[PDB]
Amino acid sequence: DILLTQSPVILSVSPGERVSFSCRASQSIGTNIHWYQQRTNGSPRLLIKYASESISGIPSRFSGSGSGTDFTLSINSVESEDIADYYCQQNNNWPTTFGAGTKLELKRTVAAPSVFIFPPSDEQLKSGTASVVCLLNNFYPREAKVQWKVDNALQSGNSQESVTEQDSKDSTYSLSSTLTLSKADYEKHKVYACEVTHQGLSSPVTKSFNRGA
Amino acid sequence: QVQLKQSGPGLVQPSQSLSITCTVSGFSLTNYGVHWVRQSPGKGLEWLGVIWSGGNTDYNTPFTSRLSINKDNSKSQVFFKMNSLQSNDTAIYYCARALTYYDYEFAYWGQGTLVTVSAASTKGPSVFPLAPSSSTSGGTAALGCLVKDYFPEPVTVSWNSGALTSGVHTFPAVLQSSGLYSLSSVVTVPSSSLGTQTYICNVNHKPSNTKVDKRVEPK
Amino acid sequence: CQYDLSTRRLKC
Ligand SMILES: *[C@@H]1O[C@H](CO)[C@@H](O)[C@H](O)[C@H]1NC(C)=O
């Protein structure tokens, strides 16, 4: 099988900048290379066929070049909507194979998260478990800290985080931190707090509530 | 318009078989080949095989033994079957079509079928409201739905039947120590619209046929 | 990097 090596594995750039994707083949393959774009939750989308040929409905800012073993996909002036993974594919030799891909991330200005906290629902407490959620919304860069405190006792090991991929419009991330307690434990305490640390905030921001309204 | 629509997400017991249907439209199966490509954590994009216009098949070398592709031209259906799945066969499976009948530049793709190889049993999620209060900042309110304790992935979440998309964030699911998945989906809306407007998350978990609409209100 | 089936993107 032909090995295709894509470089680098990850690219960070600002809008309006030029970006090049490299795809190197383990042996010559002429111009028998195709490029794809893959967005979050999406299928691959055909960008370029045969090293350099255009595809219907693909923006003119996408182009490709190269022959032999060294291929390049170019985006002359990146837009926020271009966030995706980019793959190359060779079909000079059976079976057709794909590269491991390059991840395209976009730079933007620092954005502080807007923070929101959600008590467990009465509906959930009926099942003996209490989930407390903290939302960090529309922030950048990706690095953030959430600290849970229950009656001033620092929480550890009982929370999980999920982070969205970059937003296609504003390039920001959002994050959910879920604190998970037994109903019994939840009922034995009053003040549930979520302290958020981020480069966009000059000081940590705390959101909290007292159990039982 | 060319479309390839695949069957729903599935759970497969280890050493058992995977079956997926590709239903196509906008072209005839007698004029184009249909390819199958999968995408896994361990091997990325991997071409599996193809059924051509005239019904011949090719299978990628490591799948010759366990793979078989068939079709029904008249019903516009392609049938993909793979035998004796192991954990590292867990992946998203795609059907695709090339620009021309004989080629391999895949211009059109199925939406993908996420396949989980696991001994665990299907379990539908519970849906809890993430209710706004004063969740209020600068006149903006946030609300959501907690979709908890299901298996396997995925779940789909929309708001107001697709009508509300602006401000929506559905988080990647995380696997809990109980071996079940959990996720939240949130949306920011104007504080003042909580009186007039209804907000409903539409949760769908196809592997368990759990289909739930949750009305989320201030408390 | 590798594709993540939960996020449906590469994860690095
Ligand atoms: C899965 O396991 C087999 C060995 O049982 C191995 O040869 C193959 O490369 C693996 N496939 C992956 C990592 O998807």
Side-chain angles (χ1 to χ4, degrees), chain A residues 1-7 9-10 23 25-27 34 36 38 40-44 85-91 93-103, chain B residues 6-20 22 34-51 57-69 79-96 104 106 109-120 151-154 172-173 175 179 181 207, chain C:
Chain A
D1 288 22
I2 300 312
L3 174 58
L4 299 175
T5 302
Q6 288 186 242
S7 81
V9 302
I10 190 168
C23 180
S26 56
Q27 74 197 42
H34 313 317
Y36 300 82
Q38 200 180 20
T40 307
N41 295 310
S43 291
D85 305 319
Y86 293 85
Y87 296 94
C88 61
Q89 176 211 5
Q90 75 77 26
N91 196 39
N93 291 106
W94 189 99
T96 185
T97 50
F98 294 91
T102 296
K103 176 162 180 160
Chain B
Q6 310 182 211
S7 53
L11 167 59
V12 173
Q13 298 296 299
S15 75
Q16 299 284 38
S17 66
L18 170 49
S19 290
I20 301 170
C22 195
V34 169
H35 301 244
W36 291 81
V37 173
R38 76 178 180 172
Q39 189 164 25
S40 67
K43 294 278 190 212
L45 293 162
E46 200 163 31
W47 178 86
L48 301 175
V50 56
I51 189 174
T57 54
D58 293 321
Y59 305 136
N60 195 349
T61 297
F63 307 93
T64 318
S65 57
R66 52 186 200 126
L67 186 45
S68 89
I69 305 175
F79 311 106
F80 174 99
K81 200 201 186 202
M82 191 176 68
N83 291 320
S84 34
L85 281 74
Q86 298 311 322
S87 294
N88 72 1
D89 286 319
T90 294
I92 297 158
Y93 290 70
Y94 296 97
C95 63
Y104 292 72
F106 304 127
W109 294 70
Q111 88 275 18
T113 303
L114 171 60
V115 170
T116 299
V117 185
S118 180
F151 191 85
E153 286 204 277
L175 175 66
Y181 288 96
Chain C
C1 292
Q2 59 183 217
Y3 192 73
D4 191 289
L5 300 179
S6 287
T7 68
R8 305 288 192 88
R9 274 295 293 284
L10 288 170
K11 175 184 161 202
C12 300

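Below, each value reflects all heavy atoms present in this structure, side chains not excepted, and no hydrogens, waters or symmetry copies. Atoms within a ligand are numbered from 1 in the order they appear, just like the ligands themselves. Chain A is the first sequence line, chain B the second, and so forth, proteins listed ahead of strands; every chain is numbered from 1.
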How far is atom 11 (N) of ligand 1 from the closest protein heavy atom, and which atom is that?
B:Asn88 ND2, 2.9 Å
Identify the closest protein heavy atom to atom 9 (O) of ligand 1: which residue and atom is it, and at what distance?
B:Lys43 CE, 3.4 Å
Any protein heavy atom lying closer than 4.0 Å to atom 5 (O) of ligand 1?
no
Can you spot which of B:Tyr94, B:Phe63, B:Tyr59, B:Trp36 makes a ring-ring contact (aromatic ring centres under 6.0 Å, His included) with B:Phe80?
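Exactly one candidate clears the test, B:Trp36.
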Heavy-atom closest pair, residues B:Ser19 and B:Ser7:
O-OG, 4.4 Å
Starting from the C-alpha separation in whole Å, work towards a yes-or-no answer on side-chain contact (heavy atoms from CB on, under 4.5 Å) for C:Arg8 and C:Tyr3.
CA-CA 7 Å; C:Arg8 305 288 192 88; C:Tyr3 192 73; 3.5 Å; yes
Ring geometry between B:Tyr104 and B:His35 (parallel below 30°, tilted from 30 to 60°, perpendicular above 60°):
perpendicular
